[PDB]
Structure formats: C-alpha cells, structure tokens
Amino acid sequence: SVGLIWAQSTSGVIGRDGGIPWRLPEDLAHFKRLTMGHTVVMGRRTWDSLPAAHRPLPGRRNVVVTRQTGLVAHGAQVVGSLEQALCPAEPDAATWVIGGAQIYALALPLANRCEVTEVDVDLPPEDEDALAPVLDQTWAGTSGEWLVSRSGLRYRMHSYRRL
C-alpha cells in the first residue's frame, strides 16, 4: 500500500530553488505526524534539499532513489529505482512517497492514496519549478475546510483514494 504526500500551491508548484517557496508550519507538522514511524521514499534531489537537522528524517526509514551507483546517503538506504524502493527486504505496513516531482510521477501509477495540502499562495510558476502530479478521473477525494495558518496563508487538506 503506497501513498503519496505533498504540499502544492493552488497553481501546482511544489518546489523552487531547491526548497519549498512558502512557509506553512501547520503543514510541516501534519507531514511529520502522518509519516512518523513509516518508510519515506524520496528522489535524490529531495534528499539533497533536506536541511541538516532533517537529513535523514528522524524516526522514519529513509529510502533515496538515484541512478548513481555508489551514492552513499548517510542515514538512508540507497536504491536504484522506485520499484526497488517498494520491494524492501523488510516490509513496512505503510510506505509514503514524499517527492519530489520526478518521483511522484513514477509513483502515482503504483499508489492508492494521495494526501495533498493545497496552499493559497500566489506563485506564478517559473521555468525551473518542480510541479505537482495531476490526479485524473481514476482518483476521487474529500476536502477539509479552508484554514488560515498562524503565518497568514490559506490552506486546506485533501485526501484522495484510487477508485
């Protein structure tokens, strides 16, 4: 059972300049509470984006997807494909794919659930932005209320499952 979790602007941006182009503390906490104790699978660029205090993500089995044989990621397991990341030698009840855009595109066909935070932030996309996957008619979801962060941004959480 594979889930994706991401935060996006309404416009669909998830990444810019090697990070996330908004600050939303309530969603960071939501991410931490949903993923704690589970396996988290990420692309190498997202692994490289994690700040030092969060690399590896504490309390989770970190799995990093790269084509670089010989890459060592201290505190994480390095695999050569997303299929490899989803065929662990020791199974986990819950596996969360935590980005980024390249890995989400690879994982979406294999996933049954998406947990999406929508951030009402005006972010005209730029050439090198990382963008969210698009959910087609094979996905249906439920939406929480629009909430306002202590920082001022409107946000809301969506929970999608494969039909």
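In case it trips you up, residue 1 is the first one in the sequence shown, and so on.
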| property | result |
| --- | --- |
| Selected stretch [higher average CA B-factor]: 133-141 or 57-65 | 133-141 |
| Selected stretch [higher average CA B-factor]: 115-123 or 97-105 | 115-123 |
| Entry-reported Cα temperature factor of residue 52, expressed as the chain third it lands in | highest |
| Third of the chain's Cα B-factor distribution that residue 15 belongs to, per the entry | lowest |
| Third of chain Cα B-factors occupied by residue 8 | lowest |
